[PDB]
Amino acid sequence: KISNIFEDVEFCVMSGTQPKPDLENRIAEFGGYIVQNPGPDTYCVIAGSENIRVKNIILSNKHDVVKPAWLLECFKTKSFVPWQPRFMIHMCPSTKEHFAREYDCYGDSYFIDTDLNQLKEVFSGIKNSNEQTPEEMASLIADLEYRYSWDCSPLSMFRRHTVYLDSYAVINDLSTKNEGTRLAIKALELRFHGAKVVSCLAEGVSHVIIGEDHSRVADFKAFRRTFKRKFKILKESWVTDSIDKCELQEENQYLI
């Protein structure tokens, strides 16, 4: 019937059911053979979804398991499309090693420059993981900008600042929060340009930001005599003037 790129090529389809028998049927109208469990001549298994045979087929390493989107480019190109990482769910040892010569385990070449396209595609198979905390992401990010001189970028203008905004009628008392305030909007601006904003004044905050109420200024300067790391107190208009000229004004203008 419609082609035989697949003729004399044996396939196991384990998942499915994008549906397990649709694909076996389609394979079958490209000249190709189906087989209920894998064997010494089955070419690859096709893998729509995680599963019992599948999960298991991977745990042995005889076969090499490929996404359904591969067959669908073959069906669409009427051609026998060479395998590309983006296709592989799992690689059998021999094939793994053939592809570890040219490619990363995510699919980036060692030897050929990437691209917008090509890297989007790489990026595109991963979902993470959590293996990462906001505090953690921050430093990693921060050190990479430092490494690469991205640390003056606007959107990163404040990574290195850890800021307490005077948003609580009682310092550090979460239930005294003043809401719907020009200062609520300053927390958003600071965060949007990389700042770490903190609802607790404690050792390690580098900056505290006042607006128009100076009622707690003296508490702050009193707190700060007890700190080791001696935060600055700054006017709200610091943050605006920094963002408006797309780089840090700095601070001694804006003291206190």
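In case it trips you up, residue 1 is the first one in the sequence shown, and so on.
- Unmodelled residues of the deposited sequence between neighbouring positions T17 and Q18 number 1 to 3.
- In this entry, the higher average B-factor at the C-alpha atoms falls on 122-130, of the pair 122-130 and 74-82.
- The PDB entry reports B-factors from which the mean C-alpha value can be compared for 234-242 and 7-15; the larger average falls on 7-15.
- Ranking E179, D113, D173, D151 by Cα temperature factor from the entry places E179 first.
- By the numbers in the PDB entry, the CA B factor is greatest at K62 among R191, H214, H207, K62.
- Placement of the Cα temperature factor of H90 within the chain: highest third of the modelled residues, per the deposited record.
- Looking at the C-alpha B-factors along this chain, the one for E136 belongs to the highest third.
- Per the PDB record, residue ranking by Cα B-factor puts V198 in the lowest third of the chain.
- Per the PDB record, residue ranking by Cα B-factor puts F99 in the highest third of the chain.
- Residue-level temperature factors show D41 in the middle third of its chain, judged at the C-alpha atom.
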